[PDB]
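First comes one chain, alone, set out as structure tokens in the form deposited in one PDB entry.
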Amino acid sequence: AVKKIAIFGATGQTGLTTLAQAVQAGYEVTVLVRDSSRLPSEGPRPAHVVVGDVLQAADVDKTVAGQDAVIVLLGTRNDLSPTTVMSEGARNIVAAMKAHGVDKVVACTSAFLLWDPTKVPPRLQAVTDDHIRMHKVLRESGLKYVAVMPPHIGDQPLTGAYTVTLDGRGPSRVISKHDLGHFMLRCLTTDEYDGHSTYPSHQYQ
């Protein structure tokens, strides 16, 4: 089964709770971060910290080596400018997975990849363009890839009670960051979402 995982993006909002939940679940977790002090110094903490940059192939290789599976939660530090930082990070992650024979990757993009393109808000088009590039990298890799395409990510407490919609939009437009992290981890325990797009969502009121 899956026992050793790498998490990319662990210092972001969904990343931090995914990381805590992964450690609590008993995974042996490796993270790649720019600064180890961005991780909590108390509570559940990962087994291995690599300090480096997801845009550097060798730093990513050190992080993927020896893993059973990879979680990808890269973002743009809330910058909406045209960018390739997510897709280029994913390119490095896939390259290292291929070199080491790691097959399983669970990666977050956004529900806008399931929208009619004519309805994506223009202000979010540049970030969505790079999510599309990232999804292409992962789909073309031939790895076992679960495409997680969440709607708006909220701060509601963990429920574990959300809906998972396959290959289409789901009936709520929000998912808590805690439920999203919970779902990321669920995708490590099953192959049934491999090659599919998944949309987690929930009604919190």
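Numbering starts at 1 and follows the sequence shown. In this text, the rigid core denotes the largest set of C-alpha atoms whose superposition between the two forms falls within 1.5 Å. Only residues modelled in both forms are compared.
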Next item on the list: Could you check which stretch, 70-78 or 101-109, carries the larger mean CA temperature factor in the entry?
Entry: 70-78
Next item on the list: Averaging only over Cα atoms, indicate whether 158-166 or 26-34 has the higher B-factor in the PDB entry.
Entry: 158-166
Check: Out of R45, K136, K144, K62, which one has a C-alpha B factor higher than all the others in the entry?
Finding: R45
Note to self: Can you tell me which of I132, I93, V85, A126 has the maximum CA B-factor listed in the PDB entry?
What the structure shows: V85
Margin query: Where does the C-alpha B-factor of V54 rank in its chain, lowest, middle or highest third?
Written below: lowest
Notebook entry, point to check: Hey, what third does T17 fall into on Cα B-factor, ranked over its chain?
Noted result: middle
Next item on the list: Report the third (lowest, middle or highest) to which the CA temperature factor of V174 belongs, ranking only the modelled residues of the same chain.
Entry: highest
Notebook entry, point to check: Comparing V148 with the other modelled residues of its chain, is its CA B-factor in the lowest, middle or highest third?
Noted result: lowest
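Same protein, other form: the form solved in complex with a small molecule, not shown, and the subject of what follows.
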Margin query: Within 4.5 Å of the small molecule in the deposited complex - does that hold for a heavy atom of every one of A22, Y27 and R45?
Written below: no
Next item on the list: Indicate whether the small molecule has at least one heavy atom within 4.5 Å of a heavy atom of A111 in the deposited complex.
Entry: yes
Notebook entry, point to check: in the deposited complex, does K104 have a heavy atom within 4.5 Å of the small molecule?
Noted result: no
Note to self: I'd like to know if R139 sits close to the small molecule in the deposited complex, meaning any non-hydrogen atom pair within 4.5 angstroms.
What the structure shows: no
Margin query: With the partner left out here, check for me: in the deposited complex, does some heavy atom of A99 sit within 4.5 Å of the small molecule?
Written below: no
Check: So which segments really shift between this form and the one not shown, if a segment has to be 3 or more residues long and each C-alpha must move 2 Å or more after the rigid core fit?
Finding: 77-81, 118-123
